[PDB]
Structure formats: structure tokens, C-alpha cells
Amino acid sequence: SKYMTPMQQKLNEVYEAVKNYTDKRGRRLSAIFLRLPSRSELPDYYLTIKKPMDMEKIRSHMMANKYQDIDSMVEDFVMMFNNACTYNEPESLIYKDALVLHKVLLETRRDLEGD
């Protein structure tokens, strides 16, 4: 009950790798991605993005034990970063940060392929 299954441990490790990542200056890139603002605060996002995603949604799904494999969680992260890179321009910091975290995600999945 305290003890997570191997799949649960792996899901958590991937999630935490993205969440905890800090650049060389100590900035936690996940900060902005934790929770989307509301429809009144970010209207153009909701009018243009088909499938809203934030890390709270991912975390809630993980904590409900609803991901069956690592690929399913990775797909939600990838959706989130592609959403960020669709809504925001390439010159923007949120776009750039999404690309870094997307690399962190994939590198973490690859680092754990034998686990």
C-alpha cells in the first residue's frame, strides 16, 4: 500500500524528472506547466487548442493509477508540449522551455528502457 509496483515507480520517476528539472541557473522549467489558467484568463488557448493538458492533469491521472504503461504518460506530456509550441511563438520562452522539457522526458524514458 505504501509500496508502488515497478510500473508505478517508473511512471513516478518520469513525472518527477520533468517536474524537478532545473536549468544551469536553477530555474525550474516546469513552473508554468503545472496548472493551466482558466478560460477567462487564457481564452485564445482554449479557443485554439483541441485537447488542453497540464501537469496537474497528468499527476491526477497517475495518482488514480490510470496509466497502464509509460507510453500513455509520455503521450500526454508530448501533447502538452506540442500545445505549448502551437499556442506560443518559437521566439517565446514558454516555447523554448517546452522543447527542453520534451528532451528531458524522452531522455528519461530512454535512460529507463532497461528498467
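Here, rigid core means the biggest group of C-alpha atoms that superpose within 1.5 Å across both forms. Note that residue numbering follows the sequence shown and begins at 1.
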property: Stretch farther from the shown model on average in 9 other deposited structures of this protein, with CA RMS computed after core superposition (73-81, 41-49); result: 41-49
property: Segment of greater CA departure in 9 other deposited structures of this protein, 3-11 or 104-112, core superposed; result: 3-11
property: 61-69 versus 36-44 - which carries the larger mean C-alpha B factor in the record; result: 61-69
property: Between the two ranges 76-84 and 52-60, the one averaging a larger CA B factor in the entry; result: 52-60
property: From 13, 97, 91, 23, residue of greatest CA B-factor; result: 91
